[PDB]
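Remember, it's 1-based here, ligands and their atoms both numbered in the order they're listed. Count residues from 1 along the sequence.
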Amino acid sequence: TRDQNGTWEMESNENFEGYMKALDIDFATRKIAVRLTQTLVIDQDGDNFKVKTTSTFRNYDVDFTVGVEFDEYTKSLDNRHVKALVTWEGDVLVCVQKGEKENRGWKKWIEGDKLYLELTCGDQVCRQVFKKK
Ligand SMILES: *C/C=C(C)/C=C/C=C(C)/C=C/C1=C(C)CCCC1(C)C
């Protein structure tokens with residue numbers, strides 16, 4: 001399904017370290033940053049998304065409209081400029097972040113009562129699974 005609305009609680013986080021290392025996030029930050037408790041709050045109205053990610057480490061909010069390119073300056077992350085675009089491939093929501101890193105972006109989809117998130121950068125893939133709260 002394309003409906004990703006809801007409050008989503010992390011139940012699995014695979015290779016977040018590899019993803020972060022591929023982003024060149026500094027070592028001390030990576031040691032903290034990985035949290036197995038993470039809440040993703042998604043408000044979806046038509047093509048407008050408001051996404052908020054919360055953990056005890058840091059909170060990451062982004063708003064976007066599907067099919068509208070938007071520049072990002074990833075200050076809270078690896079500190080880079082990218083050109084972001086979020087589109088649908090079937091029922092998979094795909095973000096491509098064009099810039100220095102190849103294969104940078106994410107894919108998000110709903111399968112049953114679960115939200116799946118694949119974060120990619122370079123040859124690294126991080127896979128996260130969330131249960132609807
Ligand atoms: C639709 C889902 C989206 C837009 C999620 C994107 C999430 C991130 C870019 C999250 C990054 C981080 C954490 C979840 C932990 C805190 C540190 C970050 C920034 C690496």
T53 heavy atoms within 4.0 Å reach ligand 1 at atoms 14 (C)
Between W106, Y60, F16, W8, which one has a non-hydrogen atom sitting closest to atom 12 (C) of ligand 1?
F16
Report the residues that fulfil side chain to side chain contact (heavy atoms under 4.5 Å, CB included) with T1, sequence neighbours left out, ordered by chain and then residue number.
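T1: side chain to side chain contact (heavy atoms under 4.5 Å, CB included) contacts with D3, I110.
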Tell me whether the NZ or CZ atom of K108 lies within the 45° cone about the ring axis of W106 and under 6.0 Å from its centre.
yes
With heavy atoms under 4.0 Å as the rule, classify the contact between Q38 and ligand 1 as side chain, backbone, both or neither.
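Just the side chain.
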Salt bridge or not for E11 and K114, using N-O below 4.0 Å?
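Here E11 pairs with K114 in a salt bridge, since their nearest N and O are under 4.0 Å apart.
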To the nearest 0.1 Å, how far is [atom] from its closest protein heavy atom, and which atom is that?
{"atom": "atom 16 (C) of ligand 1", "answer": "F57 CD2, 3.5 Å"}
{"atom": "atom 1 (C) of ligand 1", "answer": "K108 NZ, 1.2 Å"}
{"atom": "atom 11 (C) of ligand 1", "answer": "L77 CD2, 4.4 Å"}

Return each pair, listed once, that meets ring-ring contact (aromatic ring centres under 6.0 Å, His included) where at least one residue sits in residues 21-60; pairs must be two or more places apart or across chains.
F49-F64
Sort out for me which residue in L23, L119, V96 forms a side-chain contact (heavy atoms from CB on, under 4.5 Å) with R104.
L23
